[PDB]
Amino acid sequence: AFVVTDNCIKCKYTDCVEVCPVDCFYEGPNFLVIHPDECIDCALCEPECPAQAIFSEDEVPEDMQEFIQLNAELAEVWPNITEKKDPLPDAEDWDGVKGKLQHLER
C-alpha cells in the first residue's frame, strides 16, 4: 500500500487520483487517503503529488507512522474520489508546513 501523509492536509491537490488504475483514493474535507487493501502498489501516484505526500508503507518517515493506520481507518468512512478537482484555495501557503495533522477534519 501507498500511504498519503501530512503534507497533503490542507493542500489536497488531487492530481494523484488521475493516475490511479484502481481508484482507491477516498476523500475528506481537506485530505485524501489510499485504501490499503485495494491499492496495487503500482507507485504511479507518488510522482504526481505536488506536495510529495505519498509514500510506499515501507518508506513512510519514522515520525509519520500514524498515517499508515489513519489511511486505513479513514478509507472506510470517507467516499471514493475518482476525478481530479481544483486544489484547496490556499493549497500553496500550506504546502511544506509541518505538523498539519492537528488541522485534519473528519
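Residue numbers run from 1 along the displayed sequence.
Peer 1: Please compare 82-90 with 6-14 and name the stretch with the higher mean C-alpha B-factor in the deposited structure.
Peer 2: Stretch with the greater average CA B-factor: 82-90.
Peer 1: Which third of the chain holds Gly28 when residues are ordered by C-alpha B factor: lowest, middle or highest?
Peer 2: Its C-alpha B-factor, which the entry lists for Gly28, ranks in the lowest third among residues of this chain.
Peer 1: Please place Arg106 in the lowest, middle or highest third of its chain by C-alpha B factor as given in the entry.
Peer 2: Top third by C-alpha B-factor.
Peer 1: Considering only modelled residues of the same chain, in which third does the CA B-factor of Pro50 rank: lowest, middle or highest?
Peer 2: Middle third by C-alpha B-factor.
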